[PDB]
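Note that ligands are numbered from 1 as they come in the structure, with each ligand's atoms numbered from 1 the same way. Chain letters run A, B, ... following the sequence lines, proteins first, then strands; residues in each count from 1.
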Amino acid sequence: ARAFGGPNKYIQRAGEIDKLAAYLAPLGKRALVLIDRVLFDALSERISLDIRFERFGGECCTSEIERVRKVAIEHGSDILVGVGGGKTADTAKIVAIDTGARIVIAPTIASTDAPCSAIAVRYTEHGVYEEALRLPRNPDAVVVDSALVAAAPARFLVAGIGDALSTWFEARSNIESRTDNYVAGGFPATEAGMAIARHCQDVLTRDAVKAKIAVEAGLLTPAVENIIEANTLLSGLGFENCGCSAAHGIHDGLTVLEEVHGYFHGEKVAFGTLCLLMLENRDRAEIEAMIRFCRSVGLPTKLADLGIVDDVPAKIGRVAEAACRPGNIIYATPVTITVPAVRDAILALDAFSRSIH
Amino acid sequence: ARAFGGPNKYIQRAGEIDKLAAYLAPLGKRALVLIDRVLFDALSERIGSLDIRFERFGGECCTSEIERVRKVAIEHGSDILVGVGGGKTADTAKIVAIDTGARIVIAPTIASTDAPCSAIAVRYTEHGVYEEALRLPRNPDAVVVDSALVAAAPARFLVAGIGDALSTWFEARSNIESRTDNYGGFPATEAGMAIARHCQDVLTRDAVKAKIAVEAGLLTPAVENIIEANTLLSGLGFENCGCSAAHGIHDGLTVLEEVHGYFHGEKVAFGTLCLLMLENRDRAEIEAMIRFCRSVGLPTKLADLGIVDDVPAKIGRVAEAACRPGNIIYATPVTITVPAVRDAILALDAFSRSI
Amino acid sequence: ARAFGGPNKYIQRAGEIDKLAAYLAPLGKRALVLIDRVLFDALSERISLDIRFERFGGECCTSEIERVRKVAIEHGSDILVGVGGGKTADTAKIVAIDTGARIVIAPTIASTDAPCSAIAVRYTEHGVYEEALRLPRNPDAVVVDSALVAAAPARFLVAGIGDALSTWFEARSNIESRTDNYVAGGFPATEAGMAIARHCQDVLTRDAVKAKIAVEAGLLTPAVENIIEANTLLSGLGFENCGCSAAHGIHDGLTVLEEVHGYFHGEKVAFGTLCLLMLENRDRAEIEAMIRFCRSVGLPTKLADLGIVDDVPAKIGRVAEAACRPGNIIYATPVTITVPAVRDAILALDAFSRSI
Amino acid sequence: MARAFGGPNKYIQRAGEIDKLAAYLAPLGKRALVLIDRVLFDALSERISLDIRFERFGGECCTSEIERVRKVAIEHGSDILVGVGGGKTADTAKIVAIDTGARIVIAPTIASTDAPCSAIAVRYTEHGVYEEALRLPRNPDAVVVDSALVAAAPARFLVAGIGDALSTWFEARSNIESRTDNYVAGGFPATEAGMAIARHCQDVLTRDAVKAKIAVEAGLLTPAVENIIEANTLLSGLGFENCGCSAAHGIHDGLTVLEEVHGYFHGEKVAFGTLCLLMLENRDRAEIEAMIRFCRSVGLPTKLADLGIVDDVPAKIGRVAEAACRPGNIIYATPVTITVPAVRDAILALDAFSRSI
Ligand SMILES: [Zn+2]
Ligand SMILES: [Zn+2]
Ligand SMILES: [Zn+2]
Ligand SMILES: [Zn+2]
């Protein structure tokens, strides 16, 4: 067996948010449009069909899922639309599967693999990982407005680089462990998925630095565009069709630490990728090359870079217990997983990183 | 700008046909299941919240059959069009669903073309002369590939599939070098290009292994890889990167009666080799592609598609149809004229006859 | 975790059978020296400490393990000594573990990986695979008289190459599936073990043609010595320390067909190795090179080379069911193992080999 | 035309395996004399059908101690000698096992040398001057390596092991080029198995040494540490016994005549002696340099000053060289013509070359 899933339609073009309504119309009659707080005003202005606009509470947790879900039943919504980062998108997704509504995602930032996948992640109200839901349907359409996306602070693009950085390495773990992907109901990876995942790593090495340099200067270039697709299309297609591993599992456990709450999903995953490499005891040169790559774009490569500086061995112990709960994605790793091993991998990565100047 | 499209689900596993009903249920309530004739009886048995009407497929994706089949959907009030056959069945279904606003599920019974995954349906005259490639606004909702069903078909169909998939990387490279748009048509996505390229590697790695396997009536991982490459890889590459002279020459070849009995992919395999000549690629790349084609038994000379009499005049005719304004062959990164096309084809046959 | 096991002493020199007692002396005071039938007469004469000499029956099966055991108890046997092929040795080992006797193996042919290993394989009285006993000790000394091994017909040396050939490939299956080896109840493979399995393949491709040609002309050269070592020491260490997989599993299943009874362990395993490759869908070039390598020394590469020619799909169905019993070694393969998957891999390999 | 291989009957490497050691003794005898290093005697005697007398090691492998232990064993009527310590504890245990007809089990507490596997026990004068290397007729029955116990020692002991494993391949290569016999059964050419193991040892060190060091300095046990523990114990032990020693162990032996070098570990001296071998055989500049750099990456000594040797150096090196070149010594396995000046001068030249890097 083997199985692939992806969005019916991915489109990436500057200004495309002005024509967003024109993608909704063929899909439903009643659209609930959910828009991150910061941009709720201008994108309500700017966006046979009526739109209810709702404002997004910031976190993907049960209370907000529920609020928005109740909004939708009353609306009678045909279509859930997510217009924000990954938390907004996942919320629209979860509300959609629950409603029977079609899904459209228009990211406003390229900071995570969430917009393309069938997976939605729920946190507590304090942003502690709760549960990854494997949905049955990918989105109907993903509509990325490059200009919009390239306008955000530079840190949002770098954080997507760091989340996309896990893709190839985590696919490599699932191939070596022969573990299923989350494409419903879960199956071995397709050659298609393996290729996307491999190619995602290549696009990042070729363009990341050039893209980071360009957004910092308020510019939108072909390098930025390549990175937007790598952060969004290649990464989501990869992670969904190949599987997650210890990079994401370590992101999950990192969420138990409060000091970490203000760092982006993509920066924790970047750090978690570096830990996956040490856990699987990869080549020193590969680990060092990834460390230098992360440093070159400003992603974290030491515990200290994610605010973890006091009582570190005890904290990491907590991170590792939470990652290692029976059933978790970290068990996709072609290594024998114990808490001591995951805890000692994170600390060893940290130390080895601390020795590189 | 860039765009990527594909089906929402692709699932490939032995036995899946028996579970096809269960992929229809989440999509609607009234499914119209269009099946190829050879298999109508047996597949209607196995396929039969959800209500199905089964129809027999005539064989051509032509207007009389499309419109005949649409009238049957409107009566049934169908929610879901299911193509169950080869690429004509598939394309028939897709065009009806779009005309009907129904959802689309394809369940191929052979792995002989890249039709099952794409937004492209090709309509032929009732005789099988190319009329029109319709760019549809949706891709399939699900593609459900039953590996055992596909594998037990005569080897020729898997080989015709390798033939069709062979155009993928080479056509994508044609499109990437002319910066023409993929078929809802934008420049190619990175994902698209990476898919296309990978398709060529899977074929070279596994093609001879698969062929040998199916000729002995076996299903192996080499077969499964080829089935994926013939359907998922080939389909995603072609839509997301574009087609070129290989399919143009295919389409041109349809104007000749004596080619009618050959499989789409056998025609496309020949056209790929002509594409290489048209673009004047390396002697060694052309030769190795000729040798790869012969090793699985795909055609490499005009005589292999039976064209043996009045050849220049016929190839002239083929080139004319291929070169009509607006056609896909203009995606070639070369200056396309009817002589260039006609002489590439003849040149390729000449060069192939010299090996 | 990781573990390694091996014999305590491995000595390989022409004429060493004359010195066998000198190796027994320190191991005990009373040795039962089990010898194959062909060589029973000559080697007993050639071979302080007293030794009963028991003739060996041919099969390592329970009726015959028990016979030899009784003799051992009667003897008061201190050291079990196995002088012959793999079956002779497996018996001797099994008796030894039953008795708490020490172990010495003195192979007279280099046709299998048995002499160094902790593994004894039991067959039915008619030679159908029964059970792979994993023993708690390796031999105390393995003593290899090169001159005696190289004097045997060339077929026996080629059968060892056949067996050794599976070592790297089956090690690789186990590494890629992370399956426990056969050391002390089973652990991950040691680096030492992986290095040995790897080198085994290197010595075989380097020296197997030259050794085959040397033994056919009646010669003992350094290339023969190298192959004797790989067939015995490298191949045993690699197998025991890295594990087996579908190549031995398919050999085991082949044992159920009568027509294959005549072929040697090694020629069966050789063929199973090619099947493992097809089963893992390994690169075509690699499958081809190993086919050409098997033909260049006369090892089987088709179903017909094993006598399998009538009703083949049904017979391979049977070999596959037998190989795919629950808990069998074939599951060490980094592939999803089913009877159809195994059956069609053997068939596919057969078809692919028939087209070269 | 002849070859031979010898090795331990079992080698087991797992964290906490010290607790189960008694379970490995049962099958070999009824009566075990357990000889433990000074530092861990208390703690390990209490962690460790069967009757065991416990004895604290003197700390040097020398005749007074061997005799003493030997009398303890006879009084006890020991069936098994177990050395639980470093290579001296191990080597004392073996000599007494062979004089006593006991079986031999070794449970290293540090991975500081390649003694635990081999049939070679080295005797020193009471003050630590090299005295005799005895080739025993038997290898250990079992080597039991408790990875947590070994990894919790100070980093210097693992670094010292790496120094001693570093010589394995270089000395096998000397012995292959001079076609000198090994120390298996009276002496035979290297088996292909021995040669492969020794070469592999060197690959394991280079891949994993720096990651193992960083890890144990952080008080961690990771897979790099596991690999290096095997490299220092199993690989280096099999390689050495099966291919022979040369001038690296010869220069080590000579060094022990100098009082000042007394506080330096066996493995730190062998590291330096291996660099000297390379100069003695006039190996490639780039190979000598890459080893120097490699020793420095893990903090092994690469100059005479690093062994504290800074006054009257030519004269002292003169004394080191005389002692190594005593007739019959293992330095004669080097594929160079061995004289006192050649060795004296290879050492000095290596130092001078190393000061220029
Ligand atoms: Zn993510
Ligand atoms: Zn086509
Ligand atoms: Zn065998
Ligand atoms: Zn040493």
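The Zn ion (ligand 3) has an N, O or S atom of C:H265 under 2.8 Å away, backbone or side chain. Among the backbone and side-chain atoms of B:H247, an N, O or S atom lies under 2.8 Å from the Zn ion (ligand 2).
Salt-bridge check for B:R123 with B:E60: failed, with every basic side-chain N at 4.0 Å or more from each acidic carboxylate O.
For D:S118 (side chain) and D:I120 (main-chain N/O), a donor-acceptor pair under 3.5 Å exists by modelled atom type.
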| For C:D90 and C:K87, what are the C-alpha separation, side-chain angles and deciding distance, and is it a salt bridge (charged side-chain N to carboxylate O under 4.0 Å, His left out)? | CA-CA 5 Å; C:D90 279 355; C:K87 326 262 216 165; over 6 Å; no

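Aromatic pair C:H251/C:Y129: centroids not less than 6.0 angstrom apart.
As for B:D164, its N/O/S atom nearest the Zn ion (ligand 2) is the one called OD1.
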